[PDB]
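Listing of start17.csv, CSV, C-alpha atoms and all ligand atoms
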```
chain,number,residue,atom,x,y,z
A,1,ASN,CA,39.7,-26.7,-42.0
A,2,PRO,CA,39.7,-27.3,-38.2
A,3,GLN,CA,42.0,-30.2,-38.6
A,4,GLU,CA,42.9,-32.7,-36.0
A,5,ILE,CA,45.3,-35.6,-36.0
A,6,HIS,CA,45.3,-38.8,-34.0
A,7,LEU,CA,48.6,-38.9,-32.2
A,8,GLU,CA,50.6,-42.1,-32.9
A,9,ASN,CA,51.3,-44.1,-29.7
A,10,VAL,CA,49.8,-41.6,-27.2
A,11,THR,CA,47.5,-41.6,-24.2
A,12,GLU,CA,46.7,-38.8,-21.9
A,13,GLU,CA,45.3,-37.9,-18.5
A,14,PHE,CA,42.1,-35.8,-18.4
A,15,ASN,CA,40.3,-34.4,-15.4
A,16,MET,CA,36.7,-33.5,-15.8
A,17,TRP,CA,35.5,-31.1,-13.2
A,18,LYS,CA,39.0,-29.8,-12.8
A,19,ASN,CA,39.4,-28.1,-16.2
A,20,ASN,CA,39.0,-24.4,-16.0
A,21,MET,CA,37.8,-24.0,-19.5
A,22,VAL,CA,34.5,-24.5,-18.1
A,23,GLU,CA,35.0,-21.8,-15.6
A,24,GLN,CA,36.0,-19.5,-18.3
A,25,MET,CA,32.8,-20.2,-20.0
A,26,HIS,CA,31.0,-19.4,-16.8
A,27,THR,CA,32.3,-16.0,-16.6
A,28,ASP,CA,32.5,-15.3,-20.3
A,29,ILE,CA,28.9,-16.0,-20.9
A,30,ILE,CA,27.9,-14.0,-18.0
A,31,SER,CA,30.0,-11.1,-19.1
A,32,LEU,CA,28.5,-11.3,-22.6
A,33,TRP,CA,25.0,-11.3,-21.2
A,34,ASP,CA,25.8,-8.2,-19.3
A,35,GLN,CA,27.5,-6.6,-22.2
A,36,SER,CA,24.4,-6.6,-24.2
A,37,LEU,CA,22.3,-5.9,-21.1
A,38,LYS,CA,24.1,-2.7,-20.2
A,39,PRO,CA,22.9,-0.4,-23.1
A,40,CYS,CA,19.2,-0.7,-22.2
A,41,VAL,CA,16.3,1.1,-20.4
A,42,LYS,CA,15.7,0.7,-16.7
A,43,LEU,CA,12.2,-0.3,-15.7
A,44,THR,CA,12.1,1.2,-12.2
A,45,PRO,CA,9.0,3.4,-13.0
A,46,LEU,CA,7.1,0.2,-12.9
A,47,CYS,CA,7.4,-0.2,-9.1
A,48,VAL,CA,4.3,2.0,-8.8
B,1,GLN,CA,-28.4,29.7,-14.1
B,2,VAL,CA,-28.4,25.9,-13.9
B,3,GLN,CA,-31.8,24.5,-12.9
B,4,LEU,CA,-31.6,22.6,-9.7
B,5,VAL,CA,-34.2,20.0,-8.6
B,6,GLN,CA,-34.7,18.3,-5.3
B,7,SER,CA,-37.0,15.7,-3.8
B,8,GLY,CA,-40.4,16.7,-2.3
B,9,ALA,CA,-40.7,17.1,1.4
B,10,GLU,CA,-41.4,14.0,3.4
B,11,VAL,CA,-42.7,12.8,6.8
B,12,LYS,CA,-41.0,9.8,8.2
B,13,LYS,CA,-41.4,7.5,11.2
B,14,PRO,CA,-38.7,7.8,14.1
B,15,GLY,CA,-35.8,5.4,14.2
B,16,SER,CA,-35.6,5.2,10.4
B,17,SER,CA,-33.9,6.2,7.1
B,18,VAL,CA,-35.0,8.7,4.5
B,19,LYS,CA,-33.7,9.3,1.0
B,20,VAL,CA,-33.4,12.3,-1.2
B,21,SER,CA,-32.4,13.2,-4.7
B,22,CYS,CA,-31.2,16.1,-6.7
B,23,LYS,CA,-30.6,17.2,-10.3
B,24,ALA,CA,-28.6,19.7,-12.2
B,25,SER,CA,-29.7,20.8,-15.7
B,26,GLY,CA,-27.2,20.4,-18.5
B,27,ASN,CA,-25.5,17.7,-16.5
B,28,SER,CA,-23.5,20.4,-14.8
B,29,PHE,CA,-22.7,18.3,-11.8
B,30,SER,CA,-19.6,17.3,-13.8
B,31,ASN,CA,-18.4,20.9,-13.3
B,32,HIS,CA,-19.6,21.4,-9.8
B,33,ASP,CA,-19.2,20.1,-6.3
B,34,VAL,CA,-22.2,18.3,-4.9
B,35,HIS,CA,-23.2,19.4,-1.5
B,36,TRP,CA,-25.8,18.7,1.1
B,37,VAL,CA,-26.8,21.1,3.9
B,38,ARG,CA,-29.1,21.0,6.9
B,39,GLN,CA,-30.9,23.7,8.7
B,40,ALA,CA,-33.4,24.1,11.5
B,41,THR,CA,-35.6,27.1,11.8
B,42,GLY,CA,-34.1,29.5,14.2
B,43,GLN,CA,-30.7,27.8,13.8
B,44,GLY,CA,-27.5,28.1,11.8
B,45,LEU,CA,-26.5,26.2,8.7
B,46,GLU,CA,-24.9,22.8,9.0
B,47,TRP,CA,-22.8,21.3,6.3
B,48,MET,CA,-23.8,17.7,5.7
B,49,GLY,CA,-21.5,16.4,3.1
B,50,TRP,CA,-20.1,16.6,-0.4
B,51,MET,CA,-19.0,14.9,-3.6
B,52,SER,CA,-16.2,16.3,-5.9
B,53,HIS,CA,-17.1,17.5,-9.3
B,54,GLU,CA,-14.8,14.8,-10.6
B,55,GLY,CA,-16.7,12.5,-8.3
B,56,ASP,CA,-13.5,11.1,-7.0
B,57,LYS,CA,-14.1,12.3,-3.4
B,58,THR,CA,-16.9,12.3,-1.0
B,59,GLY,CA,-17.3,13.2,2.7
B,60,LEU,CA,-19.5,14.0,5.7
B,61,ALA,CA,-19.5,16.3,8.6
B,62,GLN,CA,-18.5,14.1,11.4
B,63,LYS,CA,-21.9,14.2,13.1
B,64,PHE,CA,-23.2,12.1,10.2
B,65,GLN,CA,-20.7,9.3,10.1
B,66,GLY,CA,-22.2,5.9,9.5
B,67,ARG,CA,-25.6,7.5,8.8
B,68,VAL,CA,-25.2,9.0,5.4
B,69,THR,CA,-24.3,8.0,1.9
B,70,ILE,CA,-24.1,9.8,-1.5
B,71,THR,CA,-24.6,8.2,-4.9
B,72,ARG,CA,-25.2,9.4,-8.4
B,73,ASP,CA,-26.8,8.4,-11.7
B,74,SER,CA,-24.3,7.4,-14.3
B,75,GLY,CA,-23.0,10.4,-16.2
B,76,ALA,CA,-23.7,12.3,-12.9
B,77,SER,CA,-26.9,14.1,-14.2
B,78,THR,CA,-28.4,13.6,-10.8
B,79,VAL,CA,-27.2,12.9,-7.3
B,80,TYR,CA,-28.7,11.2,-4.2
B,81,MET,CA,-28.3,11.1,-0.5
B,82,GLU,CA,-29.5,8.6,2.0
B,83,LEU,CA,-29.9,9.5,5.7
B,84,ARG,CA,-30.2,6.8,8.3
B,85,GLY,CA,-31.6,6.4,11.8
B,86,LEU,CA,-33.7,9.6,11.7
B,87,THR,CA,-35.6,10.7,14.8
B,88,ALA,CA,-37.9,13.7,15.6
B,89,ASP,CA,-34.9,15.9,16.4
B,90,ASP,CA,-33.7,15.4,12.8
B,91,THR,CA,-36.5,17.5,11.4
B,92,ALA,CA,-34.8,20.0,9.3
B,93,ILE,CA,-34.8,21.8,6.0
B,94,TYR,CA,-32.4,19.8,3.8
B,95,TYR,CA,-30.6,21.3,0.8
B,96,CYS,CA,-28.8,20.3,-2.3
B,97,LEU,CA,-26.4,22.9,-3.6
B,98,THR,CA,-23.8,23.1,-6.3
B,99,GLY,CA,-20.2,24.2,-5.4
B,100,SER,CA,-16.6,25.1,-6.3
B,101,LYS,CA,-13.1,24.1,-5.0
B,102,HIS,CA,-9.4,24.8,-5.4
B,103,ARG,CA,-7.2,21.8,-5.9
B,104,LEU,CA,-3.6,22.4,-5.0
B,105,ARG,CA,-0.7,20.1,-4.6
B,106,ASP,CA,0.1,19.9,-1.0
B,107,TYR,CA,3.4,18.1,-1.2
B,108,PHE,CA,5.9,16.9,-3.6
B,109,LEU,CA,9.1,15.1,-4.3
B,110,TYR,CA,10.5,15.3,-7.8
B,111,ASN,CA,11.6,12.0,-9.2
B,112,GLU,CA,14.3,11.8,-11.8
B,113,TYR,CA,13.3,8.4,-13.0
B,114,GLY,CA,9.6,8.4,-12.3
B,115,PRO,CA,6.4,10.3,-11.5
B,116,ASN,CA,6.9,12.9,-8.8
B,117,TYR,CA,5.7,11.8,-5.5
B,118,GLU,CA,2.8,14.0,-4.9
B,119,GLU,CA,0.2,14.8,-2.3
B,120,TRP,CA,-2.9,16.8,-3.2
B,121,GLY,CA,-6.0,18.2,-1.5
B,122,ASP,CA,-9.1,20.2,-2.0
B,123,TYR,CA,-10.1,23.4,-0.5
B,124,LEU,CA,-13.7,24.5,-0.8
B,125,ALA,CA,-13.8,27.9,-2.4
B,126,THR,CA,-17.4,29.0,-2.5
B,127,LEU,CA,-20.9,27.5,-2.4
B,128,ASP,CA,-22.5,27.9,-5.8
B,129,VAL,CA,-26.2,28.6,-6.1
B,130,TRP,CA,-28.5,26.7,-3.7
B,131,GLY,CA,-31.2,24.2,-4.7
B,132,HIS,CA,-34.8,25.0,-3.7
B,133,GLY,CA,-34.3,22.4,-1.0
B,134,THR,CA,-36.4,19.6,0.7
B,135,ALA,CA,-38.0,19.5,4.0
B,136,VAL,CA,-37.9,16.3,6.1
B,137,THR,CA,-39.6,15.7,9.3
B,138,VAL,CA,-40.1,12.9,11.6
B,139,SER,CA,-43.3,11.9,13.5
B,140,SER,CA,-45.4,9.0,14.6
A,201,LIG,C1,3.2,25.3,-11.9
A,201,LIG,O1,2.7,24.8,-10.6
A,201,LIG,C2,1.7,25.6,-9.9
A,201,LIG,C3,1.4,25.0,-8.6
A,201,LIG,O2,2.5,24.9,-7.8
A,201,LIG,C4,0.5,25.8,-10.8
A,201,LIG,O3,-0.5,26.7,-10.2
A,201,LIG,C5,-1.7,25.9,-9.7
A,201,LIG,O4,-2.6,25.6,-10.9
A,201,LIG,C6,-3.8,24.9,-10.6
A,201,LIG,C7,-4.5,24.6,-11.9
A,201,LIG,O5,-3.7,23.8,-12.8
A,201,LIG,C8,-4.6,25.8,-9.6
A,201,LIG,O6,-5.9,25.1,-9.3
A,201,LIG,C9,-7.1,25.9,-9.6
A,201,LIG,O7,-7.2,27.1,-8.7
A,201,LIG,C10,-8.3,28.0,-9.0
A,201,LIG,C11,-8.2,29.2,-8.0
A,201,LIG,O8,-6.9,29.9,-8.3
A,201,LIG,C12,-7.0,31.2,-8.9
A,201,LIG,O9,-7.2,32.3,-7.9
A,201,LIG,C13,-6.1,32.7,-7.1
A,201,LIG,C14,-6.6,33.7,-6.1
A,201,LIG,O10,-6.7,35.0,-6.7
A,201,LIG,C15,-7.2,36.1,-5.9
A,201,LIG,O11,-6.2,36.3,-4.7
A,201,LIG,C16,-4.8,36.8,-5.1
A,201,LIG,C17,-4.1,37.0,-3.8
A,201,LIG,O12,-3.9,35.7,-3.1
A,201,LIG,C18,-4.9,38.0,-6.0
A,201,LIG,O13,-3.6,38.3,-6.5
A,201,LIG,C19,-5.8,37.8,-7.2
A,201,LIG,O14,-6.0,39.1,-7.9
A,201,LIG,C20,-7.2,37.3,-6.7
A,201,LIG,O15,-7.9,38.4,-5.9
A,201,LIG,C21,-4.9,33.1,-8.0
A,201,LIG,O16,-3.8,33.5,-7.2
A,201,LIG,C22,-4.5,31.8,-8.9
A,201,LIG,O17,-3.3,32.1,-9.7
A,201,LIG,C23,-2.2,31.2,-9.4
A,201,LIG,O18,-2.1,30.0,-10.3
A,201,LIG,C24,-1.9,30.2,-11.7
A,201,LIG,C25,-1.9,28.9,-12.4
A,201,LIG,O19,-3.2,28.4,-12.3
A,201,LIG,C26,-0.5,31.0,-11.8
A,201,LIG,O20,-0.4,31.4,-13.2
A,201,LIG,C27,-0.5,32.3,-11.0
A,201,LIG,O21,0.9,32.8,-11.0
A,201,LIG,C28,-0.9,32.0,-9.5
A,201,LIG,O22,0.2,31.2,-8.8
A,201,LIG,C29,-5.7,31.4,-9.7
A,201,LIG,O23,-6.0,32.4,-10.7
A,201,LIG,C30,-9.6,27.2,-8.8
A,201,LIG,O24,-10.7,28.0,-9.3
A,201,LIG,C31,-9.5,25.9,-9.7
A,201,LIG,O25,-10.7,25.1,-9.4
A,201,LIG,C32,-11.3,24.5,-10.7
A,201,LIG,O26,-10.7,23.2,-11.0
A,201,LIG,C33,-10.9,22.0,-10.2
A,201,LIG,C34,-10.1,20.9,-10.8
A,201,LIG,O27,-8.7,21.1,-10.8
A,201,LIG,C35,-12.4,21.8,-10.0
A,201,LIG,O28,-12.6,20.8,-9.0
A,201,LIG,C36,-13.1,23.1,-9.5
A,201,LIG,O29,-14.5,22.9,-9.5
A,201,LIG,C37,-12.8,24.3,-10.4
A,201,LIG,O30,-13.4,24.1,-11.8
A,201,LIG,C38,-13.6,25.3,-12.6
A,201,LIG,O31,-12.4,25.7,-13.3
A,201,LIG,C39,-12.0,24.9,-14.5
A,201,LIG,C40,-10.8,25.6,-15.2
A,201,LIG,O32,-9.7,25.7,-14.3
A,201,LIG,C41,-13.2,24.7,-15.4
A,201,LIG,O33,-12.8,23.7,-16.4
A,201,LIG,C42,-14.4,24.2,-14.7
A,201,LIG,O34,-15.6,24.2,-15.6
A,201,LIG,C43,-14.8,25.1,-13.5
A,201,LIG,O35,-15.2,26.4,-13.9
A,201,LIG,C44,-8.3,25.0,-9.4
A,201,LIG,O36,-8.4,24.5,-8.0
A,201,LIG,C45,-3.8,26.0,-8.3
A,201,LIG,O37,-4.6,26.9,-7.5
A,201,LIG,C46,-2.5,26.7,-8.7
A,201,LIG,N1,-1.7,26.8,-7.4
A,201,LIG,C47,-1.9,27.8,-6.5
A,201,LIG,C48,-1.2,27.6,-5.1
A,201,LIG,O38,-2.6,28.7,-6.7
A,201,LIG,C49,0.9,26.4,-12.2
A,201,LIG,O39,-0.2,26.5,-13.0
A,201,LIG,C50,2.0,25.5,-12.9
A,201,LIG,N2,2.4,26.1,-14.1
A,201,LIG,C51,2.2,25.6,-15.4
A,201,LIG,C52,2.7,26.4,-16.6
A,201,LIG,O40,1.5,24.6,-15.5
A,202,LIG,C1,6.2,15.8,5.8
A,202,LIG,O1,5.5,16.3,4.7
A,202,LIG,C2,4.1,16.5,5.1
A,202,LIG,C3,3.4,16.8,3.9
A,202,LIG,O2,3.5,15.8,2.9
A,202,LIG,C4,4.1,17.6,6.2
A,202,LIG,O3,2.7,17.7,6.6
A,202,LIG,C5,2.3,18.9,7.2
A,202,LIG,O4,2.3,18.6,8.6
A,202,LIG,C6,1.9,19.6,9.5
A,202,LIG,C7,1.8,19.0,10.8
A,202,LIG,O5,0.9,17.9,10.9
A,202,LIG,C8,0.6,20.3,9.0
A,202,LIG,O6,0.6,21.6,9.7
A,202,LIG,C9,-0.7,21.9,10.2
A,202,LIG,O7,-0.8,23.3,10.1
A,202,LIG,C10,-1.9,23.8,10.9
A,202,LIG,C11,-1.8,25.3,10.8
A,202,LIG,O8,-0.4,25.8,11.0
A,202,LIG,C12,-1.9,23.4,12.4
A,202,LIG,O9,-3.1,23.8,12.8
A,202,LIG,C13,-1.8,21.9,12.4
A,202,LIG,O10,-1.6,21.5,13.8
A,202,LIG,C14,-0.6,21.4,11.6
A,202,LIG,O11,0.7,21.7,12.1
A,202,LIG,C15,0.6,20.5,7.5
A,202,LIG,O12,-0.7,21.0,7.1
A,202,LIG,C16,0.9,19.2,6.8
A,202,LIG,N1,0.9,19.4,5.4
A,202,LIG,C17,0.0,18.8,4.6
A,202,LIG,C18,0.3,18.7,3.1
A,202,LIG,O13,-0.8,18.0,5.1
A,202,LIG,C19,5.1,17.5,7.3
A,202,LIG,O14,5.3,18.7,7.9
A,202,LIG,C20,6.4,17.0,6.6
A,202,LIG,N2,7.5,16.8,7.5
A,202,LIG,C21,8.7,17.4,7.4
A,202,LIG,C22,9.8,17.1,8.4
A,202,LIG,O15,8.9,18.4,6.7
```
Represent the structure of the file as structure tokens.
Amino acid sequence: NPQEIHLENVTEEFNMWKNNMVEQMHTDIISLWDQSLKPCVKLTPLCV
Amino acid sequence: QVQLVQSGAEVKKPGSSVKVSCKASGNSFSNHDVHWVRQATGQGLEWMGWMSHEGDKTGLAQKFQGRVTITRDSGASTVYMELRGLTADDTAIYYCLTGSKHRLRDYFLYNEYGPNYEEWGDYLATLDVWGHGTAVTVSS
């Protein structure tokens, strides 16, 4: 139950393109990609 | 003893090409080097050229560059040679002979992650038995 409530009588500032949650995603996703990449076979024999 | 066969002798006009053929019984060219030799009466042997028994190499004595080619029938049962530009001083006994070689790596680098770098080459070991030969002469 990922509950949310509307706040009574509230407004709030937001700043798209300033939030760093996005930046966390940028490096988290990259890190994950590499995390699964790392345990794998190199193809450098194919440079022949 | 593998039978060897070669083209009949031929007279040719000056300034022009001739062609010869040879055969090995049992298709034994697959196991022997193809070679061609030239000789004139009263004169020493001259190597003309070769083909590897694998057929992956060919070559000529440098005197023949741009005048000679070597080809073979599929499955290498027979071989051929073409000579070009012949003149009256090219009259000679031509030969087809089988041959042997030693293949030794000439250089290497071991690679941990791939095939070793390698260089290889061929050294002729012996001539094998000679064909009966062909005679070619040039006249008007
Ligand atoms: C580890 O690496 C080494 C290389 O660093 C490997 O050795 C190399 O092996 C290749 C084959 O894989 C050899 O190529 C073949 O060479 C023979 C000629 O070589 C023989 O004669 C040598 C000379 O012997 C006289 O002289 C010495 C003094 O110098 C005296 O002591 C002797 O008593 C004799 O008087 C002899 O020394 C050679 O032995 C050496 O090599 C063997 C391994 O082969 C070692 O055990 C020994 O310790 C020693 O180092 C040897 O006995 C040629 O005849 C071959 O030509 C055939 O094959 C060609 C295609 O490759 C083809 O184009 C030719 O027409 C010809 O074909 C004929 O033979 C085929 C069978 O081989 C038939 O199928 C065919 O129908 C036809 O009949 C070929 O070139 C290298 O020479 C050799 N390296 C060196 C420098 O000698 C070693 O094998 C590797 N180890 C392992 C476990 O893989
Ligand atoms: C780099 O490696 C190559 C082989 O991959 C080496 O080639 C060798 O080079 C020398 C010089 O061209 C060749 O020597 C020849 O020897 C005969 C007789 O002694 C002499 O008459 C020639 O003038 C010549 O010196 C040698 O055969 C050749 N090897 C092969 C496999 O072709 C080269 O030496 C290497 N360089 C380094 C720094 O080691």
Enumerate, in order of chain and increasing residue number, the residues of chain B with an atom no farther than 10 Å from ligand LIG 202 (chain A), each with its shortest atom pair and distance in Å to one decimal, counting all atoms listed in the file, as a Markdown table.
```
| residue | atom | partner | partner_atom | distance |
| --- | --- | --- | --- | --- |
| B:104 | CA | A:LIG202 | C18 | 9.7 |
| B:105 | CA | A:LIG202 | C18 | 7.9 |
| B:106 | CA | A:LIG202 | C18 | 4.3 |
| B:107 | CA | A:LIG202 | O2 | 4.7 |
| B:108 | CA | A:LIG202 | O2 | 7.0 |
| B:109 | CA | A:LIG202 | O2 | 9.1 |
| B:117 | CA | A:LIG202 | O2 | 9.6 |
| B:118 | CA | A:LIG202 | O2 | 8.0 |
| B:119 | CA | A:LIG202 | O2 | 6.2 |
| B:120 | CA | A:LIG202 | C18 | 7.3 |
| B:121 | CA | A:LIG202 | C18 | 7.8 |
```
Show me which residues are within 10 Å of ligand LIG 201 (chain A) counting only C-alpha atoms and all ligand atoms, and format the list as a PDB file with C-alpha atoms, keeping the file's coordinate frame.
```pdb
ATOM      1  CA  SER B  28     -23.500  20.400 -14.800  1.00  0.00           C
ATOM      2  CA  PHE B  29     -22.700  18.300 -11.800  1.00  0.00           C
ATOM      3  CA  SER B  30     -19.600  17.300 -13.800  1.00  0.00           C
ATOM      4  CA  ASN B  31     -18.400  20.900 -13.300  1.00  0.00           C
ATOM      5  CA  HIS B  32     -19.600  21.400  -9.800  1.00  0.00           C
ATOM      6  CA  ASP B  33     -19.200  20.100  -6.300  1.00  0.00           C
ATOM      7  CA  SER B  52     -16.200  16.300  -5.900  1.00  0.00           C
ATOM      8  CA  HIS B  53     -17.100  17.500  -9.300  1.00  0.00           C
ATOM      9  CA  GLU B  54     -14.800  14.800 -10.600  1.00  0.00           C
ATOM     10  CA  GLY B  55     -16.700  12.500  -8.300  1.00  0.00           C
ATOM     11  CA  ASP B  56     -13.500  11.100  -7.000  1.00  0.00           C
ATOM     12  CA  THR B  98     -23.800  23.100  -6.300  1.00  0.00           C
ATOM     13  CA  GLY B  99     -20.200  24.200  -5.400  1.00  0.00           C
ATOM     14  CA  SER B 100     -16.600  25.100  -6.300  1.00  0.00           C
ATOM     15  CA  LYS B 101     -13.100  24.100  -5.000  1.00  0.00           C
ATOM     16  CA  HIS B 102      -9.400  24.800  -5.400  1.00  0.00           C
ATOM     17  CA  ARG B 103      -7.200  21.800  -5.900  1.00  0.00           C
ATOM     18  CA  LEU B 104      -3.600  22.400  -5.000  1.00  0.00           C
ATOM     19  CA  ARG B 105      -0.700  20.100  -4.600  1.00  0.00           C
ATOM     20  CA  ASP B 106       0.100  19.900  -1.000  1.00  0.00           C
ATOM     21  CA  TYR B 107       3.400  18.100  -1.200  1.00  0.00           C
ATOM     22  CA  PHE B 108       5.900  16.900  -3.600  1.00  0.00           C
ATOM     23  CA  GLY B 121      -6.000  18.200  -1.500  1.00  0.00           C
ATOM     24  CA  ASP B 122      -9.100  20.200  -2.000  1.00  0.00           C
ATOM     25  CA  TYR B 123     -10.100  23.400  -0.500  1.00  0.00           C
ATOM     26  CA  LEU B 124     -13.700  24.500  -0.800  1.00  0.00           C
ATOM     27  CA  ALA B 125     -13.800  27.900  -2.400  1.00  0.00           C
ATOM     28  CA  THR B 126     -17.400  29.000  -2.500  1.00  0.00           C
TER      29      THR B 126
END
```
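The residues of chain B lying at most 9 Å from chain A, with all atoms listed in the file taken into account, are residues 113, 114 and 115 of chain B.
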(request) Pick out the closest residue to residue 131 of chain B from this set: B:63, B:12, B:35, B:19. Count all atoms listed in the file. (result) B:35
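Considering the residues B:112, B:133, B:87, B:81 and counting only C-alpha atoms, residue 16 of chain B has its shortest atom-to-atom contact with B:87.
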(request) Can you work out which one of B:60, B:40, B:34, B:83 has the shortest atom-to-atom distance to residue 127 of chain B, counting all atoms listed in the file? (result)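 Counting all atoms listed in the file, the residue closest to residue 127 of chain B is B:34.
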(message) If I take atom CA of residue 92 of chain B and atom CA of residue 14 of chain B, how far is one from the other in Å, to one decimal?
(response)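 Between these atoms lies a distance of 13.7 Å.
Comparing the minimum interatomic distances between residue 64 of chain B and each of B:22, B:37, B:129, B:5, counting all atoms listed in the file, we find that B:37 sits nearest.
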(request) Mind giving me the straight-line distance from atom CA of residue 47 of chain B to atom CA of residue 95 of chain B in Å, one decimal? (result)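 Taking atom CA of residue 47 of chain B and atom CA of residue 95 of chain B, their separation equals 9.5 Å.
Note that atom CA of residue 67 of chain B and atom CA of residue 86 of chain B are 8.9 Å apart.
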Please report, as lines of an AutoDock Vina configuration file, the centre and edge lengths in Å to one decimal of an axis-aligned box covering all listed atoms of segment 101-116 of chain B with 6 Å per side.
```
center_x = 0.6
center_y = 16.6
center_z = -7.0
size_x = 39.4
size_y = 28.4
size_z = 24.0
```
(request) For residue 11 of chain B, please output as number ranges by chain all residues within 8 Å (counting all atoms listed in the file; exclusion window: fewer than 2 positions along the same chain). (result) B: 9, 13, 136-139
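Shortest atom-to-atom contact with residue 91 of chain B among B:38, B:130, B:58, B:110: B:38, counting all atoms listed in the file.
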(request) Place a sphere of radius 12 Å on (-34.5, 16.6, -6.6) in the file coordinates and name every protein, DNA or RNA residue with an atom inside or on its surface, counting all atoms listed in the file; give the answer as a PyMOL selection string. (result) chain B and resi 3-9+19-25+36+72+77-81+94-97+131-135
(message) Could you check the closest approach to residue 39 of chain B for each of B:93, B:70, B:18, B:88 and tell me which residue wins, using only C-alpha atoms?
(response)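 With only C-alpha atoms as the atom set, the closest residue is B:93.
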